[PDB]
Structures are given as C-alpha cells and as structure tokens.
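Structure first, commentary second.
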Amino acid sequence: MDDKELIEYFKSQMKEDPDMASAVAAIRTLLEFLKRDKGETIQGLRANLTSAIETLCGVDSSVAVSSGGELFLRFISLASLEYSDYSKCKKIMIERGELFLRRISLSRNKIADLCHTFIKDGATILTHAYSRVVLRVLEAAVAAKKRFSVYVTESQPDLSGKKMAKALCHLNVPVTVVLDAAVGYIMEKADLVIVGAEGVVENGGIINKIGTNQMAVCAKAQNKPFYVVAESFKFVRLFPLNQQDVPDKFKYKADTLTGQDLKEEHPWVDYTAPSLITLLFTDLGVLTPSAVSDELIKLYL
Amino acid sequence: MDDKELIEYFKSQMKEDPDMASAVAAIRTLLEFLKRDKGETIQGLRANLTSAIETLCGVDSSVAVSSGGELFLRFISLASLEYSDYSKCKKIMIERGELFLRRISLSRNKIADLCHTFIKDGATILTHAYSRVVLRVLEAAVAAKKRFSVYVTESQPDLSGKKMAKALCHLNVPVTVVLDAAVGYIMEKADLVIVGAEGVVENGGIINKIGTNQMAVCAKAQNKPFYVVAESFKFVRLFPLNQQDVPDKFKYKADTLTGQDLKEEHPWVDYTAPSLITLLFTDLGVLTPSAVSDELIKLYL
Amino acid sequence: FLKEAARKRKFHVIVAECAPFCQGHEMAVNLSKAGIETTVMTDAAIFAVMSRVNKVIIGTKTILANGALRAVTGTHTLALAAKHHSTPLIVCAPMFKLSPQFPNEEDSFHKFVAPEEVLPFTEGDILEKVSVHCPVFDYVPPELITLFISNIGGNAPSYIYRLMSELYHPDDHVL
C-alpha cells in the first residue's frame, strides 16, 4: 500500500483502541502492509517494509515504534532463512504474523499477573508519568484485595501524571500528585517505584519519559527498589553510553523535528542505566536486566 | 509598634528595595520596633520582640525571616548580658543594630567577590530557581571577563527559573531553561552547580526551594561540585533528620496555612544534607559545611 | 613516622614508585634498612593491590584551605582506590604546609616539568607531532582524606578551616 494509506491505517488502528500500544499498532500495520504487498522477492519486500518502518517512525517518534519495526524485520528475515520459496514464505509469514499479533495482544495481562504479587499490603508506590501497563498492574493488585497508596509525578509538560491520577481514582485507590521537583522530597515515603518503559536497550537499561533517570538515581540513593514493566516488543538493539548518546529522533517529537530563552528543545525521553533497575516484568516473565541482552543475542546471530 | 504597623513597615521595606532580602528587611523592622519600644525592662522587650517575630513569620514563612528574628533575639540577649542598666543597654543596642544593618547590607558583594573566582572560563553552570546572590556572583564573574554558559531549571510552580533566565539575559549570558524532570538528563553537561539557600541548618545542610535535594543527589551521582551561596543571617539552629523533619511552617506558604486529587499541598522547600554540599560562600568567607555549626556553637553558649 | 612505629610493631609496607621521578624507590630502600618488610610496585598496580591494604599513609606538599591536598602525582588515583575499598587515608603533614589558598583556579596548581622524564628525547621524529605532558602534582579533594596528623595531633579534614583562622589572617590571603 501507499504511504498515505499506511499512515491512515496506523492512525485508525490507534484510534479504534485507545488502550492499544503504539508498537502493537505499528506491528499490525506492518502485517497489513505485508498482506497487501505485491512483490515476489524477499529483497523487494524487505525494502518496502523498511520504507514502511521509516514512514511510521516519521509519524511516531517513540522508541516503541522503532523497536516493533525492527522486530518485524527480524521476523521476516527469520521466516526467509527457513524456506527459500517466496510463496510458501509469504504464507508462513502471514500465519505466523497473525499468531504473533494474537500472542502480543495478551502481554499486559501476563505482566500484571506476574507483577501484582510484588506489591506488599499497606505499601506506597511511586510512579512517573502515565503508563497503561502500570495501570493494569495496579488493577490486578487491587483485584487481589490489596490496599496501597500511590504517589504520581506531574510529568511536565504534557501533565500525563494527572491523567494517570484520574485513571487510578477510577479504581478507588488513594493517589496523590506531586511535582517533579518534589520527587527527592517524597522518595522517603515510597516503599517501591514502578515505572513503564518506552524501550529496553541492550544493556538492560530503559529509555523512558523525561524525569525517570533522576527518579532512579534518587531511589538508588535511598536504597528503594526500582521496578520496570515493559513488553517484549519494546526490546531494542541500542547501546547509549550517556544521555547524549540516545538518538535525537527519539528525544524530540515528530512535529518538533541559542543562549537567549533557547530552552534547548526540552527532550521527551532519557536513559536509565541498568544498575538503577532492580527487576523487569515482561511478558517473558520476571527478569534481571542482564537477561534482556540474552533475549536479543539469541534473537539475532 | 503595633502588629498592623509592623506588617506595613515590613512590606514597605520589601517594596522600596526589591533586591533587599526578606531576612534583612525583617531585621530592619525588628530594629525599628526596638527603637519605638516603650518598655523599661529586658524581659518585657524580649517578649515584645518575640511577639513581633511571630507576627513577621506569620506574614512571611521563609526560613530566612525566622533565622533573622532568632539572630536579633540573640543579639539583644548578648547586649543584655554585658550591661545591667537597661538605658545604656538600649542605647548600645540601637548603635550596634545600626552597625549590624550597615554590615549585612554588604554581604552579597563579599559573597560575589569570593565566589566569582571559582567559575572556570568556558564552563557550564547549573542553577535551580531564582536567587539574587547567584545573580550577583554571575555578574561579578562576567565583569571579570569570563565566558560561561548557564542552565536554569524552571522551578515549578512559580516558574522563578524563567525570571532568573531573563535576569541573566539582561547580563548577556547564554542561558537555557530546562525542565525540573530534565535535571538528571542535563547534569552531564554542567561543570558545576551553584544554588542559593533559604537557610543553613546546624549540620551544614541547607533548606532551599523544592527540587534542590534531587539536584544535589544527581550531582553527587556524577561527582559534580555543588556550591551554595548564602549570607550569615540565614544560619538557623535547626537539625532536621529527613524531609519530614523540616518544620511544616516552612514547607507551606503563609496563605496556604485525601487520596483523590489531594496533591498533599506541594511543599515549597526541601532539605539538602551537608554531605551533598562541597562549599559555602558566605559573607564570612568560603567555608566547609562543618564550619557553619561552629559559627552557631560560638554564637550561643 | 613509619620508622618510629617499627620499633615496637611489625608491619608490611607497600610503596608505589611514583613515576616518572621514582623517589618511592629510595623510600623503599630506607624502610628496608630499618628492617621493615617493604614491597615496591609501579603506579599501575595501586588498584590491584589496594584490596589487601589495610591503611594508607601519605605525605603532601600543600594542604589547602578546605582540607584538600596538593600531593605528588598519582596520589589522587591512590585516594580513589582507597575510597573504593573504604581504606582509611592518613596524611602526615606538619603545620607549616597549611596554605590559606582555596583551589578555585589561578591556573598555577600543577607544576609541569620537562617532558624528558616521560618521553625520552631519543624517540626521534615521533616527538614533532606528539603532545607530552608531565604534571608533578595532583589535587586530592578532601572527601577522600580520613585524617590529618600534624605536630598538634590528629584532626579531621572538616576542621582544617579552624586551623586556617588561627594561623593566617583573611586580609593576608592575597599577598
């Protein structure tokens, strides 16, 4: 299909299900592109899919979209490595893509089921920004007859923390919204920290909404546990060394892409090193950060 | 002087000189109250001054006002210890109070002269919120023909960081405003951190605008120097053990004084431990935090 | 200090050579003449051997107003290695080595001797495009120092300011 139809399909997929993740919607759109493809060669299909992936990344600059695109590319490469015939390869690609969509539609339930048992009764949970996975985990914890309090950061400038607070109030949970600057003031109250992730880098660290790195540093200072919940399709083969090593296309939004009220075009994501992360709750289970790299090393090579 | 006239005099003193610190204005108002006092005994004067200090602290909840009031109380006590006759005591009190005002009117110049030599040429300085002392230090550094870049946090919710950025732009200094959440993202760029202080506690730590504690923690994580500039009248005899040990009258503003959009009445100040502070630049010179306690141990007893 | 201690006590001393001026070698010879079990090693082995070192005792050239040190080169690395293992670091320096100058800047801290000590002149044309630097002194921040032993006793680095005020006048800091 054409680029305009691709963008329209991706946006409609996002709009129909608000709870659908951006990476999942991108993967479904890529599968639709594969179904609608007309080429009869693996190289042409790969080139077309790469064009589709870069179009989608231009539409949405989140790390999740890029990681989903790379996962789909590796999926078609693995399918091609098995069978040389292109027709049978495409048939198997379509079937396994449908199975892949069905399987990754259930990642959040598995993550919640695995993670809700880590929330001690009568505990305080500190959260940064909005995250559907964290919301599902807290829903599961509430449904298990657990009482807990929640502190949520405002998460400037989009104020997604207030949206998360509304969502948690819908579940009848005591939720208090704090300023970002107040994180270091409030860490002494929180028993544990639970945050989402826009992408899990090779070393096991995460790339998340701006302000997560300082939350992790403050938690490490006070020896509080730091838990990350993220699905497997958010795994990406990136190895940043510092905050400036993160690619610029992820820091600054799609529409966005001196010394006097410059504001340096405030970044939207930052990188948290794996040493500041206690555990990850993926649909593959509960993992240490060092496990994440394994899932990539076995995936490639 | 009655309470209403005291409040009017304090507010007028603040209004006439915008650059005048709140503690200095409070001390000048206390000296005016001493001059206008009609009592003929030390204990009555002490009680009246305590009531005046309580009124001023009700007007302004900053730690600086309370520390200035306590300093004035200790000053009148020291004057009363030497002299038994109340008339000579009051005369000497008035003269030494005038000298005290004249001396503490020059604290910022001394602080700037001492601190501007610590800013290396071609360096980056990270600052939190607005501070007249930091502004004077940067003015002195600029006047010494030094080129440097400045990052200033927004300092929600009053956005005093933008005011500080405008003030620095007046001095033709490259200044960039960052979000509070971005502090941990930007620390790798800053060569040093310079912040003011609303009060210096006994142990050498500081009580400052909310967000300073996490800045100090992030600086300690990356081994960046952390410098505080504060005058001597901001020294307080307080020993908080954690963030909740800070008195509530300082956290919440004068006009300000569950589990569902509560926000817990966001605090305005937090406590930074002395272990996160490299040096202090007071009008008494360049000090380690451990020196601060000395200045109090010799002041009393 | 070590020779006085060795009269009644038995202990093992490890001396870093402090290249390029390998004065530590001499320090190892004299300590060997006193019967002290001594070991010489290059500055590259400081971190490797620090794991088995109980105490660190060093001299200094200058003690700054905030308790920092202007010591021989490689002392900052030794202090960092000691801080990693939480090994105490003791500075045996007399009173006259205390200087009221803060380490603000002044671009006059390090003393750069001829690069002949680091890279010999007989290297050849390789020297016409290579920048060789040979600093003599290292700046040790006060956070890595545990104790100062002077003729007046033992002090913490946090008390050095007081020893400033009773030795020098603030108006005489800048001559």
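Simple scheme: letters A, B, ... for chains in structure tokens order, numbers from 1 for residues in each chain, numbers from 1 for ligands in the order shown.
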Show which residues sit within 10 Å of residue A:244, as a PyMOL selection string. Count only C-alpha atoms, and ignore same-chain residues fewer than 3 positions away.
(chain A and resi 240-241+247-248+251+270-271) or (chain B and resi 185-186+188-189)
Within 9 Å of chain B: residues of chain A, using only C-alpha atoms, as a compact mmCIF listing (two decimals) with N, CA and C atoms, in the first residue's frame:
```txt
# COMPACT_ATOMS: atom_id res chain seq x y z
N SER A 149 -1.16 2.88 48.73
CA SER A 149 -1.22 4.29 48.36
C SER A 149 -0.27 4.55 47.19
N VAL A 150 -0.61 5.55 46.39
CA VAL A 150 0.12 5.86 45.17
C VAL A 150 0.50 7.34 45.17
N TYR A 151 1.76 7.62 44.86
CA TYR A 151 2.23 8.96 44.53
C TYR A 151 2.59 8.98 43.05
N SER A 155 4.78 14.99 35.71
CA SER A 155 5.35 14.67 34.40
C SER A 155 5.08 15.79 33.39
N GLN A 156 5.70 16.93 33.66
CA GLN A 156 5.65 18.05 32.73
C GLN A 156 6.34 17.66 31.42
N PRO A 157 5.98 18.30 30.30
CA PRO A 157 5.00 19.38 30.14
C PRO A 157 3.61 18.92 29.72
N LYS A 162 -1.39 13.70 35.87
CA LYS A 162 -2.77 13.96 36.27
C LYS A 162 -3.73 12.99 35.60
N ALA A 165 -3.47 9.89 37.46
CA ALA A 165 -4.17 10.04 38.73
C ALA A 165 -5.67 9.88 38.56
N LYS A 166 -6.23 10.44 37.49
CA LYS A 166 -7.65 10.23 37.21
C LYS A 166 -7.95 8.75 36.99
N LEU A 168 -6.33 6.18 38.13
CA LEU A 168 -6.24 5.46 39.40
C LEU A 168 -7.40 5.79 40.33
N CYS A 169 -7.90 7.03 40.28
CA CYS A 169 -9.09 7.38 41.04
C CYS A 169 -10.31 6.61 40.55
N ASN A 172 -10.58 3.57 42.61
CA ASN A 172 -10.70 3.78 44.05
C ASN A 172 -9.40 3.41 44.77
N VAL A 173 -8.34 4.12 44.41
CA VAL A 173 -7.02 3.96 45.01
C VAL A 173 -6.57 5.33 45.52
N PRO A 174 -6.07 5.45 46.75
CA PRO A 174 -5.57 6.74 47.21
C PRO A 174 -4.36 7.21 46.42
N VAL A 175 -4.53 8.27 45.64
CA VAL A 175 -3.50 8.74 44.72
C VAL A 175 -3.23 10.21 44.99
N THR A 176 -1.95 10.56 45.13
CA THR A 176 -1.52 11.92 45.38
C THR A 176 -0.55 12.35 44.29
N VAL A 177 -0.80 13.50 43.68
CA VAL A 177 0.03 14.02 42.61
C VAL A 177 1.06 14.97 43.21
N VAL A 178 2.33 14.75 42.87
CA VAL A 178 3.42 15.57 43.36
C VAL A 178 4.12 16.21 42.17
N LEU A 179 4.84 17.29 42.46
CA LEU A 179 5.66 17.91 41.44
C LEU A 179 6.87 17.04 41.13
N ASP A 180 7.43 17.22 39.93
CA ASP A 180 8.66 16.52 39.58
C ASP A 180 9.78 16.89 40.53
N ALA A 181 9.93 18.19 40.81
CA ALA A 181 10.98 18.65 41.71
C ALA A 181 10.85 18.03 43.09
N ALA A 182 9.65 17.62 43.47
CA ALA A 182 9.41 17.05 44.79
C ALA A 182 9.74 15.57 44.88
N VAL A 183 10.22 14.96 43.79
CA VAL A 183 10.48 13.52 43.81
C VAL A 183 11.47 13.17 44.91
N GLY A 184 12.60 13.87 44.95
CA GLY A 184 13.57 13.64 46.00
C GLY A 184 13.04 13.91 47.39
N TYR A 185 12.02 14.77 47.51
CA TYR A 185 11.40 15.01 48.79
C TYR A 185 10.49 13.86 49.21
N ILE A 186 9.91 13.14 48.25
CA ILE A 186 8.89 12.15 48.56
C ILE A 186 9.42 10.72 48.55
N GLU A 188 11.44 9.19 50.39
CA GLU A 188 11.49 8.57 51.71
C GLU A 188 10.16 7.94 52.11
N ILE A 210 11.00 11.77 30.22
CA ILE A 210 12.00 12.59 30.90
C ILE A 210 11.63 12.74 32.37
N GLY A 211 12.62 12.58 33.24
CA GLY A 211 12.42 12.57 34.67
C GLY A 211 12.55 11.20 35.30
N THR A 212 12.60 10.13 34.51
CA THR A 212 12.76 8.80 35.07
C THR A 212 14.18 8.57 35.58
N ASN A 213 15.18 9.14 34.90
CA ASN A 213 16.56 8.92 35.31
C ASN A 213 16.82 9.49 36.70
N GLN A 214 16.32 10.69 36.98
CA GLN A 214 16.54 11.28 38.29
C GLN A 214 15.73 10.56 39.36
N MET A 215 14.55 10.04 39.02
CA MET A 215 13.81 9.19 39.95
C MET A 215 14.61 7.94 40.30
N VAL A 217 17.87 7.58 40.13
CA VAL A 217 19.03 7.98 40.92
C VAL A 217 18.64 8.23 42.37
N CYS A 218 17.52 8.93 42.59
CA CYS A 218 17.07 9.18 43.96
C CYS A 218 16.69 7.88 44.66
N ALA A 221 19.80 6.24 45.74
CA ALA A 221 20.39 6.93 46.88
C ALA A 221 19.77 6.45 48.19
N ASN A 242 25.55 7.58 27.40
CA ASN A 242 25.13 8.65 28.28
C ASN A 242 23.83 9.23 27.73
N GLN A 243 23.39 10.36 28.29
CA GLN A 243 22.13 10.95 27.86
C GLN A 243 22.21 11.47 26.43
N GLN A 244 23.37 12.00 26.02
CA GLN A 244 23.52 12.48 24.66
C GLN A 244 23.75 11.37 23.65
N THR A 258 19.33 30.29 20.78
CA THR A 258 20.61 29.81 21.28
C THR A 258 21.20 30.78 22.30
N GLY A 259 21.13 30.41 23.57
CA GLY A 259 21.64 31.26 24.63
C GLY A 259 20.73 32.40 25.04
N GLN A 260 19.52 32.46 24.49
CA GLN A 260 18.57 33.53 24.82
C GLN A 260 17.17 32.92 24.76
N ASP A 261 16.68 32.46 25.92
CA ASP A 261 15.42 31.73 26.01
C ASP A 261 15.41 30.55 25.05
N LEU A 262 16.57 29.90 24.91
CA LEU A 262 16.70 28.80 23.96
C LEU A 262 15.83 27.62 24.35
N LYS A 263 15.84 27.26 25.64
CA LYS A 263 15.12 26.13 26.22
C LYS A 263 15.62 24.79 25.68
N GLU A 264 16.62 24.79 24.79
CA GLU A 264 17.26 23.62 24.19
C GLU A 264 16.29 22.53 23.77
N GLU A 265 15.07 22.90 23.39
CA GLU A 265 14.09 21.97 22.84
C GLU A 265 13.94 20.73 23.74
N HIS A 266 13.35 20.97 24.92
CA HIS A 266 13.29 20.02 26.02
C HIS A 266 13.10 18.59 25.54
N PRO A 267 14.00 17.68 25.90
CA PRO A 267 13.86 16.29 25.47
C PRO A 267 12.66 15.64 26.13
N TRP A 268 12.11 14.64 25.44
CA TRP A 268 10.95 13.92 25.95
C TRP A 268 11.30 12.58 26.58
N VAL A 269 12.50 12.06 26.33
CA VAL A 269 12.93 10.79 26.90
C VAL A 269 14.33 10.94 27.46
N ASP A 270 14.65 10.09 28.43
CA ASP A 270 16.00 9.96 28.95
C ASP A 270 16.30 8.49 29.19
N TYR A 271 17.58 8.21 29.41
CA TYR A 271 18.09 6.86 29.54
C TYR A 271 18.43 6.57 30.99
```
Residues within 10 Å of residue C:91, please, as a ChimeraX atom specification. Count only C-alpha atoms; anything in the same chain fewer than 4 positions from it doesn't count.
/C:56-60,63,69,71,145-150,154,157
Mind listing as a PyMOL selection string which residues of chain B are within 10 Å of chain C, counting only C-alpha atoms?
chain B and resi 114-121+275+278-279+284-291+294
Write the selection just made, keeping N, CA and C atoms, as a tab-separated table (two decimals), in the first residue's frame?
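Final file, selection.tsv:
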```tsv
chain	number	residue	atom	x	y	z
B	114	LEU	N	34.17	36.66	46.61
B	114	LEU	CA	34.80	35.41	46.99
B	114	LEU	C	34.48	34.28	46.02
B	115	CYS	N	33.27	34.26	45.45
B	115	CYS	CA	32.82	33.11	44.69
B	115	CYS	C	33.11	33.20	43.20
B	116	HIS	N	33.22	34.41	42.64
B	116	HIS	CA	33.38	34.53	41.20
B	116	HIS	C	34.67	33.91	40.69
B	117	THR	N	35.65	33.70	41.56
B	117	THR	CA	36.91	33.09	41.14
B	117	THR	C	36.82	31.58	41.02
B	118	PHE	N	35.71	30.97	41.42
B	118	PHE	CA	35.54	29.53	41.31
B	118	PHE	C	34.93	29.11	39.98
B	119	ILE	N	34.51	30.06	39.15
B	119	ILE	CA	33.89	29.76	37.87
B	119	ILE	C	34.99	29.73	36.82
B	120	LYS	N	35.33	28.53	36.35
B	120	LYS	CA	36.34	28.38	35.32
B	120	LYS	C	35.86	28.98	34.00
B	121	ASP	N	36.80	29.49	33.22
B	121	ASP	CA	36.46	30.05	31.92
B	121	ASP	C	35.99	28.95	30.98
B	275	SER	N	26.45	16.40	53.28
B	275	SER	CA	27.31	15.51	52.51
B	275	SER	C	27.20	15.75	51.01
B	278	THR	N	29.59	20.86	48.57
B	278	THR	CA	31.04	20.96	48.51
B	278	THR	C	31.56	22.13	49.33
B	279	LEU	N	31.03	23.33	49.08
B	279	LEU	CA	31.49	24.52	49.77
B	279	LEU	C	30.33	25.50	49.92
B	284	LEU	N	31.11	35.57	55.60
B	284	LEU	CA	32.23	35.23	56.47
B	284	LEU	C	33.35	34.53	55.73
B	285	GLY	N	33.20	34.31	54.42
B	285	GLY	CA	34.24	33.69	53.64
B	285	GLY	C	33.80	32.41	52.96
B	286	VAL	N	34.76	31.63	52.49
B	286	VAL	CA	34.49	30.32	51.91
B	286	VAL	C	34.63	29.28	53.01
B	287	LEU	N	33.58	28.52	53.25
B	287	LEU	CA	33.52	27.61	54.38
B	287	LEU	C	33.15	26.21	53.92
B	288	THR	N	33.65	25.22	54.65
B	288	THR	CA	33.08	23.89	54.56
B	288	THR	C	31.78	23.87	55.37
B	289	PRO	N	30.88	22.93	55.09
B	289	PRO	CA	29.64	22.87	55.87
B	289	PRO	C	29.88	22.73	57.36
B	290	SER	N	30.90	21.97	57.76
B	290	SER	CA	31.20	21.78	59.18
B	290	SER	C	31.54	23.08	59.88
B	291	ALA	N	32.00	24.09	59.14
B	291	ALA	CA	32.27	25.39	59.75
B	291	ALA	C	30.99	26.07	60.21
B	294	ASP	N	30.06	25.61	63.73
B	294	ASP	CA	30.95	26.37	64.59
B	294	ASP	C	30.42	27.77	64.82
```
If you count only C-alpha atoms, which residues fall within 6 Å of residue B:238, apart from same-chain ones fewer than 2 positions away, as a PyMOL selection string?
chain B and resi 201-202+236
Once DSSP has gone over the backbone, tell me which residues of stretch 7-174 of chain C are in alpha helix (DSSP H), as an NGL selection string.
:C and (23-33 or 46-50 or 75-84 or 160-165)
List every residue of stretch 3-220 of chain A that DSSP, applied to the backbone, labels as strand (DSSP E or B), and write the result as a PyMOL selection string.
chain A and resi 123-127+148-153+175-178+192-195+200+206-209
Ranking C:132, C:28, C:93, C:16 by minimum distance to residue C:45 and counting only C-alpha atoms, which one comes first?
C:16
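Candidate residues B:66, B:293, B:84, B:13 were compared for distance to residue B:250, and the nearest is B:66, using only C-alpha atoms.
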For atom CA of residue B:2 and atom CA of residue B:42, determine how far apart the two atoms are, in Å to one decimal place.
18.7 Å
Could you pull the residues within 9 Å of residue B:195, counting only C-alpha atoms, minus those fewer than 5 positions along the same chain, as a PDB file with N, CA and C atoms, in the first residue's frame?
```
ATOM      1  N   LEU B 126      24.938  25.021  36.357  1.00  0.00           N
ATOM      2  CA  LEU B 126      23.547  24.627  36.526  1.00  0.00           C
ATOM      3  C   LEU B 126      22.982  25.283  37.778  1.00  0.00           C
ATOM      4  N   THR B 127      21.805  25.885  37.645  1.00  0.00           N
ATOM      5  CA  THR B 127      21.184  26.646  38.714  1.00  0.00           C
ATOM      6  C   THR B 127      19.723  26.243  38.853  1.00  0.00           C
ATOM      7  N   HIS B 128      19.252  26.260  40.094  1.00  0.00           N
ATOM      8  CA  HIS B 128      17.872  25.947  40.426  1.00  0.00           C
ATOM      9  C   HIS B 128      17.178  27.209  40.914  1.00  0.00           C
ATOM     10  N   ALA B 129      16.018  27.505  40.332  1.00  0.00           N
ATOM     11  CA  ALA B 129      15.170  28.612  40.760  1.00  0.00           C
ATOM     12  C   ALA B 129      15.871  29.959  40.651  1.00  0.00           C
ATOM     13  N   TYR B 130      15.292  30.977  41.275  1.00  0.00           N
ATOM     14  CA  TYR B 130      15.824  32.331  41.258  1.00  0.00           C
ATOM     15  C   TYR B 130      16.580  32.606  42.548  1.00  0.00           C
ATOM     16  N   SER B 131      17.673  33.353  42.435  1.00  0.00           N
ATOM     17  CA  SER B 131      18.475  33.703  43.605  1.00  0.00           C
ATOM     18  C   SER B 131      19.249  34.971  43.295  1.00  0.00           C
ATOM     19  N   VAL B 133      21.626  36.288  45.111  1.00  0.00           N
ATOM     20  CA  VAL B 133      23.042  36.090  45.404  1.00  0.00           C
ATOM     21  C   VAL B 133      23.746  35.425  44.228  1.00  0.00           C
ATOM     22  N   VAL B 134      23.120  34.405  43.637  1.00  0.00           N
ATOM     23  CA  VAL B 134      23.705  33.754  42.469  1.00  0.00           C
ATOM     24  C   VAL B 134      23.793  34.733  41.309  1.00  0.00           C
ATOM     25  N   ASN B 208      16.157  24.718  50.960  1.00  0.00           N
ATOM     26  CA  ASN B 208      16.057  25.529  49.755  1.00  0.00           C
ATOM     27  C   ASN B 208      14.764  25.204  49.022  1.00  0.00           C
ATOM     28  N   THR B 212      15.866  21.170  44.994  1.00  0.00           N
ATOM     29  CA  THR B 212      17.301  21.278  45.221  1.00  0.00           C
ATOM     30  C   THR B 212      17.893  19.967  45.718  1.00  0.00           C
ATOM     31  N   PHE B 226      29.088  20.933  44.055  1.00  0.00           N
ATOM     32  CA  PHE B 226      27.822  21.544  44.451  1.00  0.00           C
ATOM     33  C   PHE B 226      28.133  22.705  45.383  1.00  0.00           C
ATOM     34  N   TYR B 227      27.889  23.926  44.920  1.00  0.00           N
ATOM     35  CA  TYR B 227      28.241  25.131  45.656  1.00  0.00           C
ATOM     36  C   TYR B 227      26.984  25.865  46.098  1.00  0.00           C
ATOM     37  N   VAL B 228      27.011  26.373  47.326  1.00  0.00           N
ATOM     38  CA  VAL B 228      25.902  27.115  47.908  1.00  0.00           C
ATOM     39  C   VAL B 228      26.401  28.500  48.280  1.00  0.00           C
ATOM     40  N   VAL B 229      25.617  29.522  47.954  1.00  0.00           N
ATOM     41  CA  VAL B 229      25.909  30.895  48.344  1.00  0.00           C
ATOM     42  C   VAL B 229      24.791  31.369  49.260  1.00  0.00           C
ATOM     43  N   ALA B 230      25.158  31.822  50.455  1.00  0.00           N
ATOM     44  CA  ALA B 230      24.171  32.240  51.437  1.00  0.00           C
ATOM     45  C   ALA B 230      24.837  33.154  52.450  1.00  0.00           C
TER      46      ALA B 230
END
```
Which residues come within 7 Å of residue B:27, counting only C-alpha atoms, excluding same-chain residues fewer than 4 positions away, as a PyMOL selection string?
chain B and resi 23+31+68-69+72
